[PDB]
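A lone chain, given as structure tokens: the form deposited in one PDB entry.
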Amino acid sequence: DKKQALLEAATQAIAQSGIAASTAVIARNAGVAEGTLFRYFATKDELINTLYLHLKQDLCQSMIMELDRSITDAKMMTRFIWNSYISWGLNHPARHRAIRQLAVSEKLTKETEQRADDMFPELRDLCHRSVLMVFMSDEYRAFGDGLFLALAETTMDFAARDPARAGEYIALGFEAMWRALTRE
């Protein structure tokens, strides 16, 4: 009756005031004290590896409930999953604007990845089969992830401000990143 208020506080804080959020305001929302948070989340990073897993879970649980488990085409499957990502993102700006710092902050662990890699078996093998091998290496994977998110968030941004073309931005955005990240 408070943990998801200490994550319903962080999301709304990381969002507005960047990875350096003021734990003071944080308390004023979940209604707790400093050590309280630290009795759920040991350190500030654990908070950032857990809040990321929290916000990731939701994003995936969202992306799975729209998976038409029947279609074959790797690109078509990637196209349908891109729709979900944009949807969740438009539905949950603050959430998305918080998962944004997290995936590009480095305060993340390598097990946090396998949590965010396995947590959706379908996209993981799909990427292995579609993404340039260079964006699958240890050295340039984060870069590849960075480009994908920057393209998704740009697509989110335009969709939200011009709702009548939204569909066209989604399709245009998807095709752009597909050429950028997959095999020719």
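For the two forms, the rigid core is made up of the largest set of C-alpha atoms that agree within 1.5 Å on superposition. Note that residue numbering follows the sequence shown and begins at 1.
Engineer: With respect to the recorded C-alpha B factors, which stretch has the higher mean value, 160-168 or 14-22?
Structural biologist: Looking at the record's C-alpha B-factors, the answer is 14-22.
Engineer: 88-96 versus 109-117: which one carries the higher mean Cα B factor per the record?
Structural biologist: Mean C-alpha B-factor is greater for 109-117.
Engineer: Checking the record values for 148, 41, 52, 135, which has the greatest CA B factor?
Structural biologist: In this record, 41 carries the highest C-alpha B-factor of the candidates.
Engineer: Between 34, 58, 153, 139, let me know which has the highest C-alpha B-factor in the entry?
Structural biologist: That would be 34.
Engineer: Compared with the other modelled residues in the chain, in which third is the CA B-factor of residue 30?
Structural biologist: As the PDB entry reports it, the C-alpha B-factor of residue 30 lands in the highest third of its chain.
Engineer: Place residue 179 in the lowest, middle or highest third of its chain's C-alpha B-factors, as listed in the PDB entry.
Structural biologist: Tercile = lowest for this residue's CA B-factor.
Engineer: Please rank the C-alpha B-factors of the chain's modelled residues and tell me whether residue 131 sits in the lowest, middle or highest third.
Structural biologist: Its C-alpha B-factor, which the entry lists for residue 131, ranks in the lowest third among residues of this chain.
Missing here is the form deposited in another entry; even so, the following discussion is about that form.
Engineer: For the list 60, 53, 67, 27, which one shows a CA move of 2 Å or more between this form and the one not shown after the core is fit?
Structural biologist: It is 27; the other listed residues stay below 2 Å.
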